[PDB]
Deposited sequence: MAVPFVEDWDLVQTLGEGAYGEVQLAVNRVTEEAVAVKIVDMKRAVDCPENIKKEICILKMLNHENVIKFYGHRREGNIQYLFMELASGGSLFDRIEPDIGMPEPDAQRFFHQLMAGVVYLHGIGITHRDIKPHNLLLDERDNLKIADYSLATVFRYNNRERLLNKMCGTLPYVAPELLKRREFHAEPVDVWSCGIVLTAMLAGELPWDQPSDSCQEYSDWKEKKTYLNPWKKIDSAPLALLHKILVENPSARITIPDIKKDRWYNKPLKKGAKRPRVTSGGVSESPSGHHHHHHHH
C-alpha cells in the first residue's frame, strides 16, 4: 500500500532493465494504469511522442525526491511471451494477426523517427482484447530528425534478437535492425523456439541457416509461406534485407487465415 497522489501502487507487474513496474489503481475513479518506478530525461521525451494503438501510451510523470514515476497505459493481458508454447508456437492465424499489429506499431515508430532497439516477446504486451502494444522505451532512440538519418553505433538489445550487423559494424542503420528482430519474433511465434543464441558465423545454427538447412528445426516446423517471408527478413546484409513496405506485399502477410 504505498501511493503517489491518488494512486495506490497495488501489485508488482515486473522488473525491466531498471525499475519496477507496478499496477496503480486510483482510489477515487478506480482507473487502473501501470507505473514504472525509477537518461530518463530522454525516455520521457520519447514517451510523450507516442500516440498509436499498438504502442503503449504515456500518461505523464511525477518526480518525488529520489524516485521518478512514469504513468502508462496498462496492458492487462500479459505479454506475447505468455502466448508462445515452448516447442510449438501458436496457431498461425494468431501469429499472423500479432505480426500485423507489430508491423503497424513498428511502422509508426519508424515514421516518427524512433527506433525501439529491443523488440522481443517480453516487450510486446497484450490488452484485454489481445491487441498488441510495443512497450519499454528505455533503449529507444531517435534515428531521424529534420528528415536526416543518423546511423547508430551503440550495441544494445538482446543477443538472440539482434541483427548480425550490430555485432560486425561500427555503425549501422536503425530500421533493418528492428525488422530483423520482428523476424526472430515471428520465428518464435511459429515454432516456439529461438533459432540461435546469436547471429555470428561462430554459431552453428546461424551457419546452418545461411546454408539454407531448413530441413532442421525450427524451420521444419514452419509452413512454406511464412518461411518464405522469413527468408526475406533474416537476410545477413542489411541493405538486401526486406523493408516494411515490401513485407506488406508478401504473400503470407496477405493470406486470409483462420
> Got a list of the deposited-sequence ranges with no coordinates?
Replying inline: 1-2, 41-50, 271-297
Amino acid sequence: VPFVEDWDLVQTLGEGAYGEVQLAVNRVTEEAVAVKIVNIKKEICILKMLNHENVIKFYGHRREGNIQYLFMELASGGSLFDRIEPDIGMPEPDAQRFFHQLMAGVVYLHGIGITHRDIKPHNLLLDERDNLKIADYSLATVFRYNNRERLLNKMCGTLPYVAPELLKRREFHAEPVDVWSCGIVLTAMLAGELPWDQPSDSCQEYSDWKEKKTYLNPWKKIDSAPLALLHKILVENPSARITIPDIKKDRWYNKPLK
From here on, numbers count along this sequence of modelled residues.
>> Quick check: 18-26 versus 242-250, which has the larger average CA B-factor in the record?
In response: 18-26
>> I need to verify one thing: averaged over C-alpha atoms only, is the B-factor higher for 145-153 or for 93-101?
In response: 145-153
> Based on the PDB record, which member of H52, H61, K220, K232 exhibits the highest Cα temperature factor?
Replying inline: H61
>> In terms of recorded Cα temperature factor, pick the maximum from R129, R83, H110, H122.
In response: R129
>> Going by the CA temperature factor in the PDB record, which third of the chain does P195 belong to: lowest, middle or highest?
In response: middle
> When the modelled residues of the chain are sorted by Cα temperature factor, does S181 land in the lowest, middle or highest third?
Replying inline: lowest
> For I134, does the deposited CA B-factor place it in the lowest, middle or highest third of the chain?
Replying inline: lowest
>> Lowest, middle or highest third: which one holds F71 when the chain's residues are ordered by CA B-factor from the entry?
In response: highest
> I56's Cα B-factor: lowest, middle or highest third of the chain?
Replying inline: middle
